[PDB]
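Visitor: Numbering (the entry's author numbering), first residue to last: 1 to 146.
Don't be surprised by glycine CBs; every beta carbon is placed ideally from N, CA and C.
One structure, as structure tokens, below. Some questions next.
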């Protein structure tokens, strides 16, 4: 299961339109426990590629993002990339860009802002599996540190 807040959805949505007409990629940070993931911060790394529909894994930005997570004490949950005006789900060539074992790839459909399809796809060897997104009204009690 994956859980994120309204604010995170808003953050992803903002990043999506921000990147247009290019596609919007980046990472998701927060806490992962019981294999489940809670997105407490969206990491807009911006499209390190030049493609409009295909994404990059933002190599340099990865090092920046992990460096950030080490500062606050969070972990890497997965990544997300949104298509400009095209639907969700990973395409044949799009999926080939997955040089990972079975991470979480969120693909957002910005075909319409009235109904942007947001799902989390697990790209595995055997195939792609769907993870459902649960919303949280509030953040996980701020950065939390005594």
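Nearest to residue 46 by CA position, among 141, 32 and 28, is which residue?
Guide: Along the chain shown, read from residue 1 onward, the residue named residue 46 stands at position 46. Of the candidates 141, 32 and 28, the one whose C-alpha sits nearest the C-alpha of residue 46 is 28.
Visitor: Do residue 44 and residue 26 have their C-beta atoms within less than 9 Å of each other?
Guide: Walking along the chain shown from the start, residue 44 turns up at place 44. Walking along the chain shown from the start, residue 26 turns up at place 26. Going by C-beta atoms, residue 44 is nearer than 9 Å to residue 26.
Visitor: Considering only C-alpha positions, which residue in the set 39, 71 and 84 is nearest to residue 104?
Guide: Translated into the one-based positions of the chain shown, residue 104 becomes position 104. Measuring from the Cα of residue 104, the nearest candidate turns out to be 39.
Visitor: Are the beta-carbon atoms belonging to residue 19 and residue 84 less than 9 Å from one another?
Guide: Residue numbering aside, residue 19 sits at position 19 when the chain shown is read from its first letter. Residue numbering aside, residue 84 sits at position 84 when the chain shown is read from its first letter. Yes, Cβ-Cβ distance for residue 19 and residue 84 is below 9 Å.
Visitor: Considering only C-alpha positions, which residue in the set 121, 89, 4 and 108 is nearest to residue 100?
Guide: For this step, residue 100 is matched to residue 100 along the chain shown. The option with the nearest alpha carbon to residue 100 is 121.
Visitor: Rounded to a whole number of angstroms, what is the C-alpha to C-alpha distance between residue 50 and residue 146?
Guide: Against the chain shown, residue 50 aligns to sequence position 50. Against the chain shown, residue 146 aligns to sequence position 146. Approximately 43 Å, taken between the alpha carbons.
Visitor: Near residue 56, which residues of its chain fall below 7 Å by C-beta distance, leaving aside the five closest residues on each side in sequence?
Guide: The count along the chain shown starts at 1 and reaches residue 56 at position 56. Counting only Cβ-Cβ distances below 7 Å, and skipping sequence neighbours, we find 25, 47, 48 and 49.
Visitor: Quick one: residues in its chain with C-beta nearer than 6 Å to the C-beta of residue 115, no 5 flanking neighbours on either side, listed in chain order?
Guide: Counting from 1 along the chain shown, the entry for residue 115 is found at position 115. Within the same chain, residue 115 has no close Cβ partners at all.
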